[PDB]
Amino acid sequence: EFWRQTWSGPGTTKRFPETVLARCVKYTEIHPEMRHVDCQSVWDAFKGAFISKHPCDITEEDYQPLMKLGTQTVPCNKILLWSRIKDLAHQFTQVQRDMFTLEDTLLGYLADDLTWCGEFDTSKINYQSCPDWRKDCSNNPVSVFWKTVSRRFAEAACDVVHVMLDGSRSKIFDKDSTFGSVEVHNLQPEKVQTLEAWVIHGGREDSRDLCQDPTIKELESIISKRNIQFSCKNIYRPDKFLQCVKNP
């Protein structure tokens, strides 16, 4: 009964509806070029993708109404992808305002850091628990959202695409991440000339060329097989890097 939670993962972020609406309004203020959006309609489409649906049965088609309302052209040559190093990627685009992560787009901004899910055959948002991607099920409202929007983002990228990776993780490139499983395989060689990785070093660990890490070799192989050039740089001093990006 009431002491048993449905799922293993965190539940919907508190005040999720109010937060998504408020973020939409704020985004349209910061980015007047997305001001045409009707934020109530955006919320209605977002809610519609998952309310009353079994949260292991969500599809990319469920999010298509939201994807349509959130259509946004960003400069295709100015895209920064990332994997497991969100804070530094966002700090970078806060300074370097001509480059964009997915979370700098309306749809990514709405969802960033939030969790949500519904309950099968009720109108209610589940604020207690939501599916864990590993322990429960992969086709859940959050995972499918990121898969859908990330595919579209990667498909739109062109020219030189950059990706920030965390050189302090055991898997610098992880093939089962959203970057590895969705984004890499949707970079189109007809549009994308080069994927350049920036491998961020942690602490005082600056003695190795992490572009030689086996997972980077793996990434390199995957990209080469898509007929896209691969480039890799070490960022040994991310503190100084960011300062230089601010004060070049």
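Quick note: we count residues from 1 along the sequence shown, nothing fancier. For the two forms, the rigid core is made up of the largest set of C-alpha atoms that agree within 1.5 Å on superposition.
Per-stretch RMS Cα distance to the displayed form in 4 other deposited structures of this protein, following rigid core alignment, is highest for 203 to 211 when 46 to 54 and 203 to 211 are compared. After superposition on the rigid core, the larger root-mean-square Cα deviation in 4 other deposited structures of this protein belongs to 94 to 102, not to the other of 94 to 102 and 134 to 142. Of the two segments examined, 42 to 50 and 212 to 220, it is 212 to 220 that shows the higher average Cα temperature factor in the deposited entry.
With 75 to 83 and 141 to 149 compared on mean CA B-factor from the PDB entry, the stretch scoring higher is 75 to 83.
Ranking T105, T93, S168, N126 by the C-alpha B-factor listed in the PDB entry places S168 at the top. Considering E119, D113, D136, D98 together, the PDB entry gives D98 the largest C-alpha B factor. When the modelled residues of the chain are ordered by their C-alpha B factor, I58 lands in the lowest third. For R23, the recorded CA B-factor ranks within the lowest third of the chain. Only modelled residues enter the ranking. Among the modelled residues of its chain, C130 has a C-alpha B-factor that falls in the lowest third according to the deposited record. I30 sits in the highest third of its chain by CA B factor, as recorded in the PDB entry. The entry lists a Cα temperature factor for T13 that places it in the lowest third of the chain's modelled residues.
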